[PDB]
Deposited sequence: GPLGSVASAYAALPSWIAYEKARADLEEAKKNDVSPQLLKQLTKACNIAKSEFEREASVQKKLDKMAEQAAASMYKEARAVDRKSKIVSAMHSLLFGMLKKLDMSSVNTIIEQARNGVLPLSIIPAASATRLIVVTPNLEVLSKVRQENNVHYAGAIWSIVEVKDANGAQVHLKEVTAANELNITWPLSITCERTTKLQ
């Protein structure tokens, strides 16, 4: 019955309605039921038949549309497409004119940006890069870092050589002696 159709699973709801209507009419004929009940059952069958045919053509339209769509995509971004999105993105960020957006962008321009932004752990983990003593002073507020509108508690601080660094020890007189930039490992105060 549904052996020639493309998808018997897709065709099933409309086919059952038609088959059930066809079966009622066949039982009505065999049981020689009233001409009135026969006229009702014939109409129900005509309705279900035309619904089955309507859904069958809709299915053919959707399959053809997808077949054509797949045939045209198969053709397949640009440094240009990425460049167009970069232009849009930075243009919109400036147009927003929000101090926290301006802060994050100015920090990145001066090398204050994340090395890593690791989620989950029920507490987001940020490794921030601080290229000098002045910029480090702006972001670090004691045992906390103020970045991306949030406050992060300091876990660890490292040299550009990966060596452990004590923040108390990073001072004006020491700046020449420290291998910059510093990596501040911190966790979101959540």
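**Student:** Relative to the deposited sequence numbered from 1, which residue ranges are unmodelled?
**Tutor:** Those parts of the chain that were deposited but carry no coordinates are 1, 78-82, 197-199.
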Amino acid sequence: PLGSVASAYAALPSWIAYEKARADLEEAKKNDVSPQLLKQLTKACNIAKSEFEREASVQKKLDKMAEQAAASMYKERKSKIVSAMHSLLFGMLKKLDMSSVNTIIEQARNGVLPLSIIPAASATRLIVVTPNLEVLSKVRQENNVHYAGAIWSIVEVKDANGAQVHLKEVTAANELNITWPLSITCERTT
From here on, numbers count along this sequence of modelled residues.
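**Student:** Per the PDB record, is the mean Cα temperature factor higher over 103-111 or over 116-124?
**Tutor:** Comparing averages over the C-alpha atoms only gives 116-124.
**Student:** Going by the B-factors listed in the PDB entry, is the mean over the C-alpha atoms higher for 132-140 or for 25-33?
**Tutor:** Averaging CA B-factors over each stretch, the winner is 132-140.
**Student:** Relative to the other modelled residues in the chain, which third contains the C-alpha temperature factor of residue 78: lowest, middle or highest?
**Tutor:** It belongs to the highest third of the chain when residues are ordered by C-alpha B-factor.
**Student:** Lowest, middle or highest third of the chain for the C-alpha temperature factor of residue 45?
**Tutor:** For residue 45, the deposited C-alpha B-factor lands in the lowest third.
**Student:** How does the C-alpha B factor of residue 167 compare with the rest of the chain: lowest, middle or highest third?
**Tutor:** Answer is highest: the recorded C-alpha B-factor places it there.
**Student:** Hey, what third does residue 185 fall into on Cα B-factor, ranked over its chain?
**Tutor:** It belongs to the middle third of the chain when residues are ordered by C-alpha B-factor.
**Student:** Of the three thirds of its chain by CA temperature factor, lowest, middle or highest, which one includes residue 64?
**Tutor:** Highest third, going by the recorded CA B-factors of the chain.
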